[PDB]
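Heads up, the thing below is written out as structure tokens.
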Amino acid sequence: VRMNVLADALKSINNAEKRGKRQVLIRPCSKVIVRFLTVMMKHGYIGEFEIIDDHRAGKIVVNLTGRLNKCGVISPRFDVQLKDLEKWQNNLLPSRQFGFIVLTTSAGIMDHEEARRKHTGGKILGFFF
Amino acid sequence: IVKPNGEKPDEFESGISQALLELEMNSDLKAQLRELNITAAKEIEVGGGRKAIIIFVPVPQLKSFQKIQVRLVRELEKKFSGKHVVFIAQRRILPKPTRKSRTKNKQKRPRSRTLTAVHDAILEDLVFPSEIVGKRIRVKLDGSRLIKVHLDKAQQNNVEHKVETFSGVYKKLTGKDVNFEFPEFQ
Amino acid sequence: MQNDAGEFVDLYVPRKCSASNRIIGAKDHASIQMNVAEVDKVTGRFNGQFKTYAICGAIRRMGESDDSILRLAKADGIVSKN
Amino acid sequence: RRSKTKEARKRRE
Amino acid sequence: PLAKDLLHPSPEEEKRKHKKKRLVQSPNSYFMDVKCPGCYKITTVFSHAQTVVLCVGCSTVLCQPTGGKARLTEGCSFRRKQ
Amino acid sequence: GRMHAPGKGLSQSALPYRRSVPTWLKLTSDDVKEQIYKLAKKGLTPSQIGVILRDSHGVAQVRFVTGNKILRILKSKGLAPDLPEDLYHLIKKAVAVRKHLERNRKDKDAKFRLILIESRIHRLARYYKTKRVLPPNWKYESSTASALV
RNA sequence: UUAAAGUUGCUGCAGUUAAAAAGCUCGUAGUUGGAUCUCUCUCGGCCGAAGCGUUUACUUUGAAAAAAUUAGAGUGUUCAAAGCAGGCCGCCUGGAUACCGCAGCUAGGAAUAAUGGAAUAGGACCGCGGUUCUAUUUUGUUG
Ligand SMILES: [Mg+2]
Ligand SMILES: [Mg+2]
Ligand SMILES: [Mg+2]
Ligand SMILES: [Mg+2]
Ligand SMILES: [Mg+2]
Ligand SMILES: [Mg+2]
Ligand SMILES: [Mg+2]
Ligand SMILES: [Mg+2]
Ligand SMILES: [Mg+2]
Ligand SMILES: [Mg+2]
Ligand SMILES: [Mg+2]
Ligand SMILES: [Mg+2]
């Protein structure tokens, strides 16, 4: 059945992107999906989005800028040490120059970059570029 | 006719309870108003200095206040002249249990008392003569939020002169930014 | 793009589609740079002014080059509301 | 116990 | 195609989407208010009604159930509610 | 999909957004509860009751009006099924399939559907055992099946 | 024997026709699992000892992790592989540092993921009553 809603969300937006669509309807939504999208949004890869609140689970409608090539998830969530991070990004990202690994950490959800700053490890969620 | 939990009355509470007394003597509602009480009251600034009255009632009496709410608002308004009077139930917010705690936690907190639930019962109450239709949380490119709230289109002419008063009210208790729209229809 | 010193090191700076924002390829010959003219609002004659669009070859096959041209025009007010 | 709480409920009610 | 307001659908269209796939899920049935002609009495009924319902005093049979909606007996007026 | 069938389909109810009891409804919480009580004393499951109210009495969801969900009302007032009414139904249906299955031995299909219905029984049961609605010695047994219903 | 081998594939391969998906369904263990919830009193000089908060996993931090080897400083073995030496006109110095899976300790963090807390209220929190028990002070000491 449906497990890992995050995965299904980002598949959907990545597809609506390759299709070159303007908006997306991604459902259901999560307090995780939301903070992920937000971290994505601060760097601009996406745009503003709006949460249709239904009495059950969310739907989220996302506005889109062509700036997103790939958006992905890594299942299972792996526990990523600080020391490991390098390896991870060097595997995942197109370049040292750009793109992000998003992890949840004790601090909050964030970018590999910002966590490097805060000196925290955590679990991997996904990545984008 | 006021019963604060902290047990100390105020100057707003004084005239407002007195207003209710006057509505017990001079109005058709006497029995109901005898039964009921209010816990608290406030005044605030919204929409270019326009003034709003906030009336906190004890929760189990709320659905009773809902009976007479419109009449009460007319009369209590003309007693207080131009102001906008809105009723909100007094709500317990039980702090989120953490790894660091004493035992203030013996039995678990019920969903009913909790941040999100309360903010939505507040929102529920504010608009009272209007139902709530649908609610849309929009996010700014900033990372800030705003909440569109949809109301019954039938009750429109009833509440549509208030509107931005709510927007101020909600902001002062809750702390979020809210707009109000009347949908065309379904 | 820019090195540390701030020079632009690049052969050329490619144009992105106006509709869908993809990069228009060095050799993509299905691409369009379309010129739409501006009238004088009093007369209805031609100014010498124009607003320009680009559309990559992807969107042309999908046929939705048309839709996008259109709502681009609306966003420029070259097409009336309704 | 059961009887005590039930009777406590009727006597509180 | 490539431009749609998912946020503001046309009400026409939303009457046409399936009851779970609307932007927010809306029941397709409504409570109706039935009056058999020879009686004064008002009854509240469900639009899609299983069982069979009755006006008490006249033993008037209000409706037969069917697959989708209950079909009321002839001459019997009804008013959808709000 | 369906758990035991190939078929995958959409048939359900969608509850309206508004949880507020509408205006027209003239019944109290308590009126409805008395209604419920006598309707259970005519020996009906939760399902029955709910639909009955929905049809004649204009109660969309008993839940909204009286604040509690149906089965809790009945179990608080003490009139409740011993075993949860669905598990009841499953067992009755399983019984029936056996009763026809003794006389027609040559039927393979019925024999197979029996196994399905049984497996469903056990999943359900073990659910009611982890959730303590059943004494955890409780066991579906083919022979005493006829009794429980 | 290692790479080449993305020809053992966790990263990372395949399974319509090239090698390959079970005749079909039920099914226990196994793996996997939807939304949802923003710390406090007894002692000591307002702060330490005393508590606990449901418990874990995850994470960061501390201390412990034999030397040799490996990574890595210093040093013209005449160079280097080495060695741990040397260097100044009796003095001046070296002989560092990192890494050390997992397990086990330590102190922060509370996002994620488990898990618990009240449903015939044998629930919390209040203070009032009885019944039984027994420790010890006190009636200048002993009973
Ligand atoms: Mg199955
Ligand atoms: Mg090899
Ligand atoms: Mg290799
Ligand atoms: Mg191969
Ligand atoms: Mg062949
Ligand atoms: Mg073959
Ligand atoms: Mg096959
Ligand atoms: Mg199993
Ligand atoms: Mg989950
Ligand atoms: Mg060593
Ligand atoms: Mg070495
Ligand atoms: Mg360790």
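Every number in this text was worked out from the coordinates using simple rules, so none of it is lab data. Positions of Cβ are generated from backbone atoms using ideal geometry, with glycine treated the same way; all protein chains shown enter the neighbour counts.
Taking segment F:34-71, which residues are within 25 Å of E:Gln82 (Cβ to Cβ), of a type outside the set (A, V, I, L, M, F, W, C) and in contact (Cβ under 8 Å) with a residue 40 or more places away in the chain?
F:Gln61
Residue under question is E:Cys63, and the condition is that it be surrounded by 11 or more Cβ atoms within 10 Å (Cβ to Cβ), more than 9 Å from chain F (Cβ to nearest Cβ) and outside any strand (DSSP E or B); does it hold? Quick ask: steps written out before the conclusion?
Details: surrounded by 11 or more Cβ atoms within 10 Å (Cβ to Cβ): yes; more than 9 Å from chain F (Cβ to nearest Cβ): yes; outside any strand (DSSP E or B): no.
When the stated conditions are applied, E:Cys63 does not pass them.
Among the residues of segment F:11-46, write down those that are polar (S, T, N, Q) and closer than 22 Å to E:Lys20 by Cα.
Filtering segment F:11-46 for residues polar (S, T, N, Q) gives F:11-13, F:20, F:23, F:28-29, F:35, F:45.
Of everything in segment F:11-46, those that are polar (S, T, N, Q) and closer than 22 Å to E:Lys20 by Cα turn out to be F:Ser11, F:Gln12, F:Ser13, F:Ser20.
In this structure, does F:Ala60 turn out to be small (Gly, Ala, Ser) and buried (at least 17 other Cβ atoms within 10 Å of the Cβ)?
Details: small (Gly, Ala, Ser): yes; buried (at least 17 other Cβ atoms within 10 Å of the Cβ): yes.
It is true that F:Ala60 is small (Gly, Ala, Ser) and buried (at least 17 other Cβ atoms within 10 Å of the Cβ).
Taking the condition of being more than 6 Å from RNA strand G (Cβ to nearest atom), in contact with a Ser or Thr (Cβ under 8 Å, 6 or more places away or on another chain) and small (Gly, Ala, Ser), how many residues in segment A:103-129 meet it?
Final tally of qualifying residues: 1.
How many residues are surrounded by fewer than 16 Cβ atoms within 10 Å (Cβ to Cβ), of a type in the set (S, T, N, Q) and part of a helix (DSSP H, G or I) if we restrict to segment B:29-60?
Looking only at that region, the number is 0.
Scan B:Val178, B:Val169, B:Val159 and give me the residue that is surrounded by 15 or more Cβ atoms within 10 Å (Cβ to Cβ) and within 14 Å of chain A (Cβ to nearest Cβ).
Values: B:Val169 fails: within 14 Å of chain A (Cβ to nearest Cβ); B:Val159 fails: within 14 Å of chain A (Cβ to nearest Cβ).
Result of the check over B:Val178, B:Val169, B:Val159: B:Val178.
Scan the helices (runs of 4 or more DSSP H) fully inside segment F:1-107 and keep the ones with 3 or more residues being under 25 Å from F:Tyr128 (Cβ atoms) and of a type in the set (D, E, K, R). If you could, list the steps in order and put the result at the bottom.
Details: elements: F:29-41, F:46-52, F:62-66, F:70-76, F:85-103.
Qualifying helices (runs of 4 or more DSSP H): F:85-103.
Of all residues being over 15 Å from the mean Cα position of the chain (by Cα) and surrounded by fewer than 19 Cβ atoms within 10 Å (Cβ to Cβ) in segment F:40-55, which is farthest from the other protein chains (Cβ to nearest Cβ)? Just the residue, please. Full working, then the answer.
Start the filter on segment F:40-55 by keeping residues that are over 15 Å from the mean Cα position of the chain (by Cα), which leaves F:41-42, F:53-55.
Right, trim to surrounded by fewer than 19 Cβ atoms within 10 Å (Cβ to Cβ) and you get F:41-42.
On the way: F:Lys41: 18, F:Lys42: 13 Å.
Step by step, filter segment F:40-55, then rank; the result is F:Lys41.
Restricting attention to strands (runs of 3 or more DSSP E) lying wholly within segment A:1-112, give those where 1 or more residues are farther than 26 Å from E:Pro1 by Cα and without any contact (Cβ under 8 Å) to a residue 24 or more places away in the chain. So that I can check it myself, show each step before the final result.
Numbers: elements: A:23-26, A:49-53, A:59-63, A:71-73, A:100-104, A:109-111.
Hits in segment A:1-112: A:100-104.
Of all the residues that make up segment F:23-39, how many are over 17 Å from F:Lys77 (Cα atoms) and exposed (fewer than 15 other Cβ atoms within 10 Å of the Cβ)? Spell out the reasoning first.
So the first thing to find is which residues in segment F:23-39 are over 17 Å from F:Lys77 (Cα atoms), and the list is F:23-28.
Remaining after also requiring exposed (fewer than 15 other Cβ atoms within 10 Å of the Cβ): F:23-24, F:26, F:28.
Adding up the residues that qualify gives 4.
Test B:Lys153 against the criterion of being within 16 Å of RNA strand G (Cβ to nearest atom), more than 25 Å from B:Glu43 (Cα to Cα), basic (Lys, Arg) and surrounded by fewer than 17 Cβ atoms within 10 Å (Cβ to Cβ), and give yes or no. First the steps, then the outcome.
Details: within 16 Å of RNA strand G (Cβ to nearest atom): no; more than 25 Å from B:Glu43 (Cα to Cα): yes; basic (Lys, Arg): yes; surrounded by fewer than 17 Cβ atoms within 10 Å (Cβ to Cβ): yes.
For B:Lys153, the condition - within 16 Å of RNA strand G (Cβ to nearest atom), more than 25 Å from B:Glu43 (Cα to Cα), basic (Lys, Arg) and surrounded by fewer than 17 Cβ atoms within 10 Å (Cβ to Cβ) - is not met.
Please go through segment B:4-22 and pick out each residue that is within 20 Å of B:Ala52 (Cβ to Cβ) and part of a helix (DSSP H, G or I).
First, pick out the residues of segment B:4-22 that are within 20 Å of B:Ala52 (Cβ to Cβ): B:10-20.
Listed by number, the residues that qualify are B:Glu11, B:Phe12, B:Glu13, B:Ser14, B:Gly15, B:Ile16, B:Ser17, B:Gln18, B:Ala19, B:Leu20.
Select from segment A:12-31 the residues that are more than 15 Å from RNA strand G (Cβ to nearest atom) and among the basic types (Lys, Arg) and list them in ascending order.
Passing the criteria: A:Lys18, A:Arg19, A:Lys21, A:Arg22.
For segment E:10-46, which positions are part of a loop (DSSP other than H, G, I, E, B), touching a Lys or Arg at 6+ places or on another chain (Cβ under 8 Å), more than 9 Å from chain F (Cβ to nearest Cβ) and free of Cβ contacts under 8 Å to residues at least 24 places away in the same chain?
If the condition is that a residue be part of a loop (DSSP other than H, G, I, E, B), touching a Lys or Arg at 6+ places or on another chain (Cβ under 8 Å), more than 9 Å from chain F (Cβ to nearest Cβ) and free of Cβ contacts under 8 Å to residues at least 24 places away in the same chain, then E:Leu23, E:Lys41, E:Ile42 are the ones that fit.
Within 13 Å of chain A (Cβ to nearest Cβ), within 16 Å of RNA strand G (Cβ to nearest atom), crowded, with 18+ Cβ neighbours inside 10 Å and on the phi < 0 side of the Ramachandran plot: which single residue out of B:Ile132, B:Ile147 fits that description?
Details: B:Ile132 fails: within 16 Å of RNA strand G (Cβ to nearest atom).
Answer to the check: B:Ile147.
Starting from residues that are closer than 17 Å to A:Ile33 by Cβ and surrounded by fewer than 18 Cβ atoms within 10 Å (Cβ to Cβ), keep the ones in segment A:71-82 and report whichever is nearest to RNA strand G (Cβ to nearest atom). Before you say what the answer is, go through the steps one by one.
The first filter runs over segment A:71-82 and keeps only residues closer than 17 Å to A:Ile33 by Cβ, leaving A:71-75, A:77.
Still in the list and also surrounded by fewer than 18 Cβ atoms within 10 Å (Cβ to Cβ): A:72, A:75, A:77.
Numbers: A:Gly72: 11, A:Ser75: 8, A:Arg77: 5 Å.
Step by step, filter segment A:71-82, then rank; the result is A:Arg77.
Just the residues that are within 14 Å of chain E (Cβ to nearest Cβ), of a type outside the set (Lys, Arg), loosely packed, with under 14 Cβ neighbours inside 10 Å and more than 12 Å from E:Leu2 (Cβ to Cβ), please, taken from segment C:42-82.
Of everything in segment C:42-82, just one residue is within 14 Å of chain E (Cβ to nearest Cβ), of a type outside the set (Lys, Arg), loosely packed, with under 14 Cβ neighbours inside 10 Å and more than 12 Å from E:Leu2 (Cβ to Cβ), namely C:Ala75.
For A:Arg56, indicate whether it is under 30 Å from F:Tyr17 (Cβ atoms), within 10 Å of RNA strand G (Cβ to nearest atom) and more than 14 Å from chain C (Cβ to nearest Cβ).
Details: under 30 Å from F:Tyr17 (Cβ atoms): yes; within 10 Å of RNA strand G (Cβ to nearest atom): yes; more than 14 Å from chain C (Cβ to nearest Cβ): yes.
Judged against the criteria, A:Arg56 is a match.
Considering only residues of segment B:135-144 that are in a strand (DSSP E or B) and of a type in the set (A, V, I, L, M, F, W, C), which is nearest to the other protein chains (Cβ to nearest Cβ)? Step through it out loud before you land on a result.
Applying the first criterion (in a strand (DSSP E or B)) to segment B:135-144 yields B:135-139.
Next cut, of a type in the set (A, V, I, L, M, F, W, C) only: B:137, B:139.
Values: B:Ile137: 4, B:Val139: 6 Å.
In this case the residue turns out to be B:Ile137.
In segment B:93-111, how many are surrounded by 10 or more Cβ atoms within 10 Å (Cβ to Cβ) and either closer than 22 Å to B:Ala121 by Cβ or more than 6 Å from RNA strand G (Cβ to nearest atom) (or both)? Even if it seems obvious, please write down each step before you answer.
Let us first name the residues in segment B:93-111 that are surrounded by 10 or more Cβ atoms within 10 Å (Cβ to Cβ), namely B:93-95, B:97, B:101, B:105, B:109-110.
Filter once more, so that each one left must be either closer than 22 Å to B:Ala121 by Cβ or more than 6 Å from RNA strand G (Cβ to nearest atom) (or both): B:93-95, B:97, B:109-110.
Final tally of qualifying residues: 6.
Step by step: first the residues of segment A:35-53, then only those that are at the interface with chain B (Cβ under 10 Å from one of its Cβ atoms) and surrounded by fewer than 17 Cβ atoms within 10 Å (Cβ to Cβ), then the one that is nearest to RNA strand G (Cβ to nearest atom). Which residue is that?
In the first step, residues of segment A:35-53 are kept if they are at the interface with chain B (Cβ under 10 Å from one of its Cβ atoms); the result is A:37-39, A:41-42, A:44, A:46-53.
Checking the rest, the ones that are also surrounded by fewer than 17 Cβ atoms within 10 Å (Cβ to Cβ) come to A:38, A:42, A:44, A:48.
Working: A:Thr38: 12, A:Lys42: 16, A:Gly44: 22, A:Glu48: 20 Å.
The residue in question is A:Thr38.
State the number of residues belonging to segment E:27-49 that are buried (at least 17 other Cβ atoms within 10 Å of the Cβ) and either of a type in the set (D, E, K, R) or closer than 30 Å to A:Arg22 by Cβ (or both).
1
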